[PDB]
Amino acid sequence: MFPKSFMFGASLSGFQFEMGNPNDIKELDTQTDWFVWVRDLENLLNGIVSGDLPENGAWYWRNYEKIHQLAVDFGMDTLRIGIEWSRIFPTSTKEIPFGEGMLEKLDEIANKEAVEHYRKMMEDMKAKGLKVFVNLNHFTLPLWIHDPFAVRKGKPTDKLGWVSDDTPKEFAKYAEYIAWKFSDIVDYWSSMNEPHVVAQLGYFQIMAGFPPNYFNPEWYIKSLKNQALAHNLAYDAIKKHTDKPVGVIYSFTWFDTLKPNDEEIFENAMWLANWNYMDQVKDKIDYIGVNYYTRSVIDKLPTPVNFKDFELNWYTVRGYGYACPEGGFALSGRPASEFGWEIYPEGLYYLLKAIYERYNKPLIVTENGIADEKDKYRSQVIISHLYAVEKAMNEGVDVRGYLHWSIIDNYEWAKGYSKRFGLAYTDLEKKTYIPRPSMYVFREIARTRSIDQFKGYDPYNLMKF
């Protein structure tokens, strides 16, 4: 059995879930880079973004009580939710310095209606018996922090997002403000979510449709380092107001080489994708949030590319990992999701071992899930990834929970509503949430704290390791 303290739950963000009534001006958060990005004509006409709009979404801002009750009804004991910086501080905090009197000046400029709303939502979680896990940043940034169109077009701006040295400083102010206001109800803190994704998709792998979509390898590394500085500052600032655990939620990639005897490229890819950032924050983490979807298979680049800050001597092989046919199969034979992501739960076991060996911190799986609107695989995904967790734990790895991504279908960034990751189907016309069959399997595992009753049926051969 998993320990009674092991957390079963789900993860959500603010932007992908909160909005749902386009005509409520207090709910409509017009002031993020992402909000404007998804309606940009260049992006729309070129299919860089989907055409779907987040204000037509799942309506967590208004329907939180029903979503919290769904979570308890399906056996969850914890939800991780996002707070949008843009909602708390719609206007710049750049004129309010660190020091004596900072918190009171920030309270005078903060959007207290948003602060009170987040409070109500977390009070509801608490009333329902759910542990409150707050993550302070989840990709979106306030428009006074990031003007993605000025950046995209190379036009002068101070609003450079994570490239601006001002950003980590303002973020530290925001983190301290929130910890000061909510230290009495938050059980667990994360500074930010998948910072390597923000940096890599923003400034390096610019075919994913993320802001500012400006290829600059130096800005890739700079935004990554500025995010690590932001985390470190945030940890110190939150800890002024609480002794509760503070960590970061990171997207880890497992790499397999195409050919044997390529350990150099393995270590290079692991460092760039995982260890570069994590080594910068390692002195200021009480736990590591492991987000895991699939692996990448890599091979040696005939001609390495040298950048100012790093060498690239490998490339990503098509047909495995994140690079499979959407709704098809990997070259391995494994099914792939409707995002083209191979089912590879052994990657999570390998990473739990590697991460624990490197850092020796408690781990929580903070995201794992699949784009699967017909529920073809999601039960086996849950079971086989928990099999991975159990195997790691059996070998002495300290894992404290599993939060699925996600409890409901939501707005998947540049793909919009086209990728459906929910345990429950979201009817976006009625704003109602209908548990898929896999959500009953999740409830069974959470309630019994076991997968032993599932293990002997393995139709996709996912638990043979």
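All residue numbers refer to positions in the sequence shown, first residue = 1.
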Out of 89-97 and 193-201, which stretch has the higher average CA B-factor listed in the record? 89-97
Averaging C-alpha B-factors over each stretch, which comes out higher, 228-236 or 302-310? 302-310
When you compare the CA B-factors of 84, 124, 342, 338 as listed in the entry, which one comes out on top? 124
Which one of 257, 137, 379, 164 shows the biggest C-alpha B-factor in the PDB entry? 164
In terms of the chain's CA B-factor thirds, is residue 10 lowest, middle or highest? lowest
Quick check for you: using the entry's CA B-factors within this chain, is residue 62 in the lowest, middle or highest third? highest
Within this chain's modelled residues, let me know which third the CA B factor of residue 39 belongs to: lowest, middle or highest. middle
Within this chain, which third does the Cα B-factor at residue 169 fall in: lowest, middle or highest? middle
C-alpha B factor of residue 33, ranked within the chain: lowest, middle or highest third? lowest
